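A short write-up of the structure that comes next.
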Amino acid sequence: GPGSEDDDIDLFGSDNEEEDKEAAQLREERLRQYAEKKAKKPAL
């Protein structure tokens with residue numbers, strides 16, 4: 001995670017959920033990476 005204690009979950013986070021914040025993030029993370037390349041245009 002980008003705001004965890006060390007690796008997975010934060011000191012104050014939710015480990016008990018099956019949704020999984022790391023898993024949920026990698027879902028959004030790919031959507032972000034796609035949004036960049038599949039619309040490759042900054043502002044010029």
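We name chains A, B, ... following the order of the structure tokens; residues begin at 1 in each chain, and ligands are numbered from 1 as shown.
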Selection near stretch 23-29 of chain A, 12 Å with only C-alpha atoms, sequence-local residues under 3 positions removed, as a PDB file with N, CA and C atoms, in the first residue's frame:
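Listing of result.pdb after writing:
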ATOM      1  N   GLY A   1       0.827  -1.205   0.000  1.00  0.00           N
ATOM      2  CA  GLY A   1       0.000   0.000   0.000  1.00  0.00           C
ATOM      3  C   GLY A   1       0.849   1.236   0.000  1.00  0.00           C
ATOM      4  N   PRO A   2       0.287   2.406  -0.342  1.00  0.00           N
ATOM      5  CA  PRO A   2       1.029   3.664  -0.397  1.00  0.00           C
ATOM      6  C   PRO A   2       0.879   4.468   0.900  1.00  0.00           C
ATOM      7  N   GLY A   3       0.386   3.813   1.909  1.00  0.00           N
ATOM      8  CA  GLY A   3       0.154   4.423   3.179  1.00  0.00           C
ATOM      9  C   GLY A   3      -0.148   3.362   4.178  1.00  0.00           C
ATOM     10  N   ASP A   8       1.641  -4.167   3.786  1.00  0.00           N
ATOM     11  CA  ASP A   8       0.247  -4.317   3.322  1.00  0.00           C
ATOM     12  C   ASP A   8      -0.699  -3.277   3.883  1.00  0.00           C
ATOM     13  N   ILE A   9      -1.070  -3.443   5.131  1.00  0.00           N
ATOM     14  CA  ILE A   9      -2.060  -2.604   5.772  1.00  0.00           C
ATOM     15  C   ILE A   9      -1.369  -1.573   6.660  1.00  0.00           C
ATOM     16  N   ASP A  15      -7.557  -4.744   8.226  1.00  0.00           N
ATOM     17  CA  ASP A  15      -7.008  -6.025   7.759  1.00  0.00           C
ATOM     18  C   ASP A  15      -8.124  -7.062   7.608  1.00  0.00           C
ATOM     19  N   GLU A  17     -11.055  -7.080   6.438  1.00  0.00           N
ATOM     20  CA  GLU A  17     -11.971  -7.070   5.326  1.00  0.00           C
ATOM     21  C   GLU A  17     -11.455  -7.887   4.154  1.00  0.00           C
ATOM     22  N   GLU A  18     -12.364  -8.591   3.511  1.00  0.00           N
ATOM     23  CA  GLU A  18     -12.027  -9.440   2.385  1.00  0.00           C
ATOM     24  C   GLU A  18     -11.948  -8.648   1.093  1.00  0.00           C
ATOM     25  N   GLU A  19     -12.477  -7.425   1.136  1.00  0.00           N
ATOM     26  CA  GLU A  19     -12.411  -6.500   0.013  1.00  0.00           C
ATOM     27  C   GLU A  19     -10.960  -6.281  -0.367  1.00  0.00           C
ATOM     28  N   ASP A  20     -10.125  -6.125   0.670  1.00  0.00           N
ATOM     29  CA  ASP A  20      -8.668  -5.996   0.556  1.00  0.00           C
ATOM     30  C   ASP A  20      -8.275  -4.712  -0.147  1.00  0.00           C
ATOM     31  N   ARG A  32      -6.081   3.649 -13.822  1.00  0.00           N
ATOM     32  CA  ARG A  32      -5.280   4.869 -13.885  1.00  0.00           C
ATOM     33  C   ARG A  32      -4.248   4.769 -15.012  1.00  0.00           C
ATOM     34  N   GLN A  33      -3.528   3.639 -15.058  1.00  0.00           N
ATOM     35  CA  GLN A  33      -2.446   3.450 -16.030  1.00  0.00           C
ATOM     36  C   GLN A  33      -3.002   3.392 -17.454  1.00  0.00           C
ATOM     37  N   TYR A  34      -4.178   2.821 -17.599  1.00  0.00           N
ATOM     38  CA  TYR A  34      -4.845   2.788 -18.858  1.00  0.00           C
ATOM     39  C   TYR A  34      -5.263   4.176 -19.275  1.00  0.00           C
ATOM     40  N   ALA A  35      -5.821   4.925 -18.336  1.00  0.00           N
ATOM     41  CA  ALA A  35      -6.300   6.279 -18.585  1.00  0.00           C
ATOM     42  C   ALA A  35      -5.178   7.198 -19.086  1.00  0.00           C
ATOM     43  N   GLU A  36      -3.961   6.908 -18.681  1.00  0.00           N
ATOM     44  CA  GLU A  36      -2.809   7.681 -19.099  1.00  0.00           C
ATOM     45  C   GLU A  36      -2.439   7.390 -20.549  1.00  0.00           C
TER      46      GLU A  36
END
Quick one: distance from atom CA of residue A:11 to atom CA of residue A:30 in Å, one decimal? 25.5 Å
